[PDB]
Amino acid sequence: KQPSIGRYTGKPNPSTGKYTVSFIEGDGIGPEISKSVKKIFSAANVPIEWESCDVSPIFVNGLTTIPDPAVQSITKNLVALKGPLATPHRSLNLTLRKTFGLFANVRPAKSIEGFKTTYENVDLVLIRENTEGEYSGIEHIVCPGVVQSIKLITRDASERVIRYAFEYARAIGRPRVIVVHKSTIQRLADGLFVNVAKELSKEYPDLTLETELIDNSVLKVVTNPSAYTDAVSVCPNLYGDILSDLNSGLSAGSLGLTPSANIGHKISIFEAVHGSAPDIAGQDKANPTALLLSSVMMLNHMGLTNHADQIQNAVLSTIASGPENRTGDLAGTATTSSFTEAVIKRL
Amino acid sequence: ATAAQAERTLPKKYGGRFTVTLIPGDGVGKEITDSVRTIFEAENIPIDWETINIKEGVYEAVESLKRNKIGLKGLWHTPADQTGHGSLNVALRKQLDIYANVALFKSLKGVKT
């Protein structure tokens, strides 16, 4: 089973056995990291054909818009898998969420086999509100030296993130679900978030709801990452943006291994959260693992369990064991090229 | 908060026009001040006189100067008798803590000294 909230509407393209998925290779190490995924996907016989599209922004009305070619493509196939892209008046990633109704960031950070970092047994899952909160565009100059940034928290927006969290926690068999907040000094704002979880709590009796102040969420996670290996934490935009980049710091010390999923109501985009790495581009040193794992997250979201587990449980996760494999970023000596074939072997 | 709009401490000024306090005072005061008025409007200088006249309304001089911050005055007269009122030239200064007097003694070209 999978989460009711951002449900994929399947339908393989009747003419081919396959499902249609928009790519968005992106720029930089994007292209190489991308076809790396296309090959590994081919080999495992994934019911998927790629409809690559370009999100290079237009500027209808001074406000940055995203091209019709790519809109039609992505709204059609209810799913897309983007790599990293560069930096262009409105955040490219923002107008990407606004035009596709994406509202929830899902960020897992798990230790990698055969890559030693300072923190161990870190297996973390966090859902983040990506609509409102601290990150609504609302700020004012109330007078000369005085500014107001306005944090917006609504029940509607909160409800549907907290739901996906309960339902996602259920879909991956974690008992506990923690609402990170600060009702302490943000009584109304964070209080509403918390209450909305407490009220939803009841229609998900298989899961146990806990509430934690970021105070402790950050304290406890850094002292002992494993205390949340039955986690799924939900939180408003800011706490989420920080905790997730933190969790990654614990798991891998950077975020070249971190996959994200951006869930919308009927659409959903799955991306790697590292940059365009322009200086390593073309030289075949990139590390597909990041995007590759986002592929897995996508597979599961689509329903292709068997393939996802196949490409994750075996392959990559397992081929990242033996330094002859691996990439430069993990001490390894292998190329993007050799990593991909070395991966497909254990497919 | 404060800094720009604040400035309730500079000299009274409204759209380019200062409002200065004028205290003609006793003796040739009244005439000698007038001389300045005339030279001022004849030069169309952007200042408007708030002008006051007065036994203990030395209060009103103070209160005015506290609004406008700046003033132009002659001298008042001071009694030598016992039941006389007391300088009130000094009263003005003490009550505004205008503690420093500067006098400029520079000889002038067309004057036999």
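Residues numbered from 1 in each chain as written, not as in the entry; some residues may be left out. Chains lettered and ligands numbered in written order. Part of a larger assembly, values for the part shown. Heavy atoms only, no water.

Method of determination, as annotated in the archive: X-ray crystallography, at 3.2 Å resolution.

Caption draft 1: Structural view of the overall build of chain A. When helices and strands are tallied, chain A shows ten helices and twelve strands. Radius of gyration (C-alpha) of chain A: 20 Å, near the 20 Å computed for a compact globule of 347 residues. Accessible area for chain A stands at about 15300 Å²; split by element, carbon and sulfur atoms hold 53% of it. (Helix = DSSP H or I, 4+ residues; strand = E, 2+ residues; numbered from the N terminus. Rg over C-alpha atoms; globule rule 2.2 N^0.38 Å. Areas by Shrake-Rupley, 256 points an atom, 1.4 Å probe, with all protein chains shown as cover.)

Caption draft 2: Representation of the UniProt feature "binding site: Mg(2+)" in chain A within the structure. Residues and elements named next belong to chain A. The sites that UniProt annotates as "binding site: Mg(2+)" are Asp-215, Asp-241 and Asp-245. Mapped onto the elements of the fold, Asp-215 is located in helix α6 (residues 214-223). In this structure, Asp-241 sits in helix α7 (residues 237-252). Judged by relative accessible area, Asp-241 falls into the partly exposed class, the value being 24%. Apart from the residues within four sequence positions on either side, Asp-241 is in contact with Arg-128 and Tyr-135. A distance of 3.4 Å separates polar atoms of two side chains, one belonging to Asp-241 and the other to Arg-128. (UniProt positions renumbered as here; feature names shortened; annotations may be inferred. Buried < 20%, exposed > 50% of the residue type's maximum accessible area, 1.4 Å probe, protein only. Contact = heavy atoms within 4.5 Å. Polar contact = N/O pair within 3.5 Å; in protein donor to acceptor, adjacent residues only side chain to side chain.)

Caption draft 3: Expanded view of the nonpolar core. All names here are of chain A. Grouped together as the largest cluster of nonpolar side chains are 64 residues, with contacts concentrated most on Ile-48, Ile-127, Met-298, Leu-299, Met-302 and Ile-311. When residues in this core are grouped by element, the largest group, nine residues, is from helix α8 (residues 289-302). Counting 15 residues, the second largest nonpolar core, distinct from the first, contains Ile-24, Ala-70, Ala-80 and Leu-92. (Core = buried A, V, L, I, M, F, W, Y, C linked by side-chain atoms within 4.5 Å.)

Caption draft 4: Fine view of a nonpolar patch on the surface. Residue and element names in this part refer to chain A. Together, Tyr-119, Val-218 and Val-222 make up a nonpolar patch on the protein surface, roughly 190 Å² of accessible area in all. In this structure, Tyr-119 sits in the loop between β4 (102-110) and β5 (123-129). Accessibility expressed as a relative area gives 32% for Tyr-119, which makes it partly exposed. (Patch = residues over 30% accessible without salt bridge, like charges linked within 9 Å, V, L, I, M, F, W, Y side chains within 5 Å. Salt bridge = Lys/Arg side-chain N within 4 Å of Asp/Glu carboxyl O.)

Caption draft 5: View of the UniProt feature "binding site: substrate" in chain A. Residue and element names in this part refer to chain A. The residues that UniProt annotates with the feature "binding site: substrate" are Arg-97, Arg-107, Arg-128 and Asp-215. Maximum C-alpha separation among the annotated residues is 29.2 Å over a sequence range of 119 residues, too wide for a single clustered spot. Relative to the elements of secondary structure, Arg-97 occurs in helix α3 (residues 92-98). Not counting residues up to four positions away in its chain, the partners in contact with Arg-97 are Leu-102 and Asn-130. Within the secondary structure, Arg-128 is located in strand β5. The exposure class of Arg-128 is buried, given its relative accessible area of 9%. Here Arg-128 is in contact with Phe-103, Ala-104, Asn-105, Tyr-135, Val-161, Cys-235, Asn-237, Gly-240 and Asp-241, once residues within four sequence places are set aside.

Caption draft 6: Quick peek at the pairing of strand β9 (residues 208-213) of chain A. All names here are of chain A. The sheet contact formed by strand β8 (residues 176-181) and β9 spans six bridges and is parallel. Bridging from a neighbouring strand, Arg-176 pairs with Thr-208 of β9. A crossover connection joins β8 to the parallel β9 through helix α5 (residues 187-200); in handedness this β-α-β unit is right-handed. (Pairing = 2+ DSSP bridges. Right-handed = clockwise from strand over helix to strand, strands pointing away.)

Caption draft 7: Looking closely at the sheet that holds β5(A). Residues and elements named next belong to chain A. Here we have eight strands laid out as an open sheet, ordered β3-β12-β11-β4-β5-β10-β8-β9, and mixed in their pairing. Single-partner strands in this sheet number two, and they are β3 (80-82) and β9. Geometrically, the sheet is characterised by an average inter-axis angle of 20° between neighbouring strands, direction not taken into account. When β8 meets strand β10 (residues 233-235), the two strands line up parallel, connected through two bridges. If you follow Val-179 over to β10, its bridge partner there is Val-234. Packing of helix α4 (residues 155-171) onto the sheet brings it into contact with β4, β5, β8, β9, β10 and β11 (259-264), and relative to β5 it is tilted by some 160°. Taken strand by strand, α8 contacts β3, β4, β11 and β12 (268-272), and its axis lies near 160° from that of β12. (Axes fitted to C-alpha atoms, helices over the stretch in contact; angles between N-to-C directions.)

Caption draft 8: Region of the structure containing the side chain of B:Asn68. All names here are of chain B. Topologically, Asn-68 is positioned in helix α2 (residues 58-68). With relative accessibility at 2%, the residue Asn-68 sits in the buried group. Among the polar contacts made by the side chain of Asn-68, one reaches the side chain of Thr-21 at a distance of 2.7 Å. Excluding residues within four positions of it along the chain, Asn-68 makes contact with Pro-11, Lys-12, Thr-19, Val-20, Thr-21 and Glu-50.

Caption draft 9: Quick look at the packing of aromatic side chains. Residues and elements named next belong to chain A. Under the counting rule described, the total for this entry stands at six aromatic pairs over all chains. Relative to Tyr-168, the ring of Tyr-164 lies with its centre 5.6 Å away and its plane at 25°, an arrangement referred to as stacked. With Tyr-164 and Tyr-168 both in helix α4 and four residues apart, the pair spans about one turn of that helix. Residue classification places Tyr-164 among the buried positions, given a relative accessible area of 4%. Overall, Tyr-168 belongs to the buried group, its relative accessible area being 15%. Pairing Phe-166 with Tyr-204 gives two aromatic rings, centres 5.0 Å apart and planes at 5°, and the pair type is stacked. With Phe-166 in helix α4 and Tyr-204 in the loop between α5 and β9, the pair connects residues that are 38 residues apart, well separated along the chain. Here the aromatic cluster, defined as three or more aromatic residues joined through ring pairs, consists of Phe-23, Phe-41 and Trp-50. Positioned over the ring face of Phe-103 is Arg-160, at 4.7 Å from the centre of the ring. (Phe/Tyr/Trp six-rings, centres within 6.5 Å; stacked < 30°, edge-to-face > 60°. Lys NZ or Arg CZ within 6 Å of the ring centre and 35° of its normal.)

Caption draft 10: Main features of the pairing of β11(A). Residues and elements named next belong to chain A. For β11, the tally of buried residues reaches six of six residues, placing the bulk of the element in the interior. Because side chains alternate across β11, one face comprises the buried residues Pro-259, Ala-261 and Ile-263, and the other comprises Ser-260, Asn-262 and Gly-264, equally buried. Inspection of the sheet shows β4 paired to β11 by four bridges, in the antiparallel sense. For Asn-105, the partnering residue across the bridge sits in β11 and is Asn-262. As paired strands, β11 and β12 are joined by five bridges and run antiparallel to one another. Bridging from a neighbouring strand, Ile-263 pairs with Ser-268 of β12. What sits between β11 and β12 in their antiparallel hairpin is a turn of three residues.

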